[PDB]
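A single chain comes next, written as structure tokens; it is the form solved without this ligand.
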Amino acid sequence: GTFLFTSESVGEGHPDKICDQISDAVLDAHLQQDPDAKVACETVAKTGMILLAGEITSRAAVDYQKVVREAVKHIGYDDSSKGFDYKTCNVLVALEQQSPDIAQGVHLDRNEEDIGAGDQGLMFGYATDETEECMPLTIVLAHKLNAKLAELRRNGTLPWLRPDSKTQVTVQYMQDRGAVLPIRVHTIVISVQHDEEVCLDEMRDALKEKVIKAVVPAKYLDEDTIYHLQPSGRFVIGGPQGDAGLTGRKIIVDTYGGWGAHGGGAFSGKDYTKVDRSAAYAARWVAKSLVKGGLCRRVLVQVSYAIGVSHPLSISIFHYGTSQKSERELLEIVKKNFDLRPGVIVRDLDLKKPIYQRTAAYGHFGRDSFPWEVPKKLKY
């Protein structure tokens, strides 16, 4: 009855994640001045370049050069020896106003509660009781391994570390009446960019002793656990120099690590009218509310929208057999407790607040008691 499952995460300096953080730094800069800014900011990163491309209609006066460079500085790319430098990189801007055809069909002359979805699409929310934060253990451990690397880099413990990293965790689970129970860690992968001076054996020993052992409980690790530490053997070239990054290329890292489902929409660089983000956050909120409310142990929620229409086109619930209530009954509880119009979600989840850059690394879910992580008390 056991099986393996794998999830990955990436560090703050992974080039796709750099793009997500810059896109959300731009969004936050606009929201600080104009809470009703319409933002759809994509970022591309390659050797020496940050390009912003997209559509913004806002009353804010934003200094893109400063916002971009400050986000790159925060990540840690501050010298050409690291392959990228916020002080000296090229920042190119190809931003236009939001299409007037979209604006007229979505929000112009609309009451805020009755604003239309900013696009069509489908979105999922997921929650599992296998961890207190209601997230899959595989993804939680993968994120914590990247956060540990960043901590040891920033505190000077492992000064050879650079910001670009990837991790991957394979857990052996037991099936339990639809719920899943973690047994042990089967395999861990860590790849991290490093300086030219450190040797492979020093890195592998540090990754095991100072990173894995500092994150993964010893009860999950045994003589059979497989470790792939710096498996490529050399990772000096990294960040955008090693691989082009784009916003919205880590959507599974951002969500549930392969568990649940995904509707395809990226989160970063988008204001609340883009249901790709707001409805995915609301769906997580619903799923977590169902699990923390004791209605099920594991649950998947789907919602969908049409551009210009406020109410969802569909809502579906899948409880994996982990509820005594039928899926039809859970759907009725959801419909009685939640209003998934984007103009209502914005109020419930305070989505005009400029906290988005905080979401753009280490996953959008299962952390920091964001509004979508605080369960709603259900009435039924």
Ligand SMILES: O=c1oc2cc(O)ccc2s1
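Position 1 is the first residue in the sequence shown; the rest follow in order.
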In the PDB record, does 58 to 66 or 24 to 32 carry the higher mean Cα temperature factor? 58 to 66
Looking at the entry, does 176 to 184 or 75 to 83 show the higher mean C-alpha B-factor? 176 to 184
Which listed residue, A218, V301, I212, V275, has the largest C-alpha temperature factor in the record? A218
Selection by C-alpha B-factor (highest) of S232, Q241, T138, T255: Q241
Hey, what third does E197 fall into on Cα B-factor, ranked over its chain? highest
Please place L158 in the lowest, middle or highest third of its chain by C-alpha B factor as given in the entry. highest
Ranked against its chain, the third holding the CA B-factor of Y356: middle
What third of the chain does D101 rank in for C-alpha temperature factor, lowest, middle or highest? middle
Among the modelled residues of its chain, does the C-alpha B-factor of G245 lie in the lowest, middle or highest third? middle
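Another form, the form solved in complex with this ligand, is not on view; read the next lines as being about it.
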Taking 4.5 angstroms as the cut-off for heavy atoms, does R358 touch this ligand in the bound PDB entry? no
Though only this chain appears here, would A147 touch this ligand in the bound PDB entry if you measure heavy atom gaps against 4.5 Å? yes
Should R162 be classed as touching this ligand in the bound PDB entry when contacts are defined as heavy atoms within 4.5 Å? no
Hey, in the bound PDB entry, is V140 touching this ligand, heavy atoms inside 4.5 Å? yes
Can you pick the one in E202, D79, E113, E133 that has a heavy atom within 4.5 Å of this ligand in the bound PDB entry? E133
Restricting to 312 to 350, the residues within 4.5 Å of this ligand in the bound PDB entry through any heavy atom are none
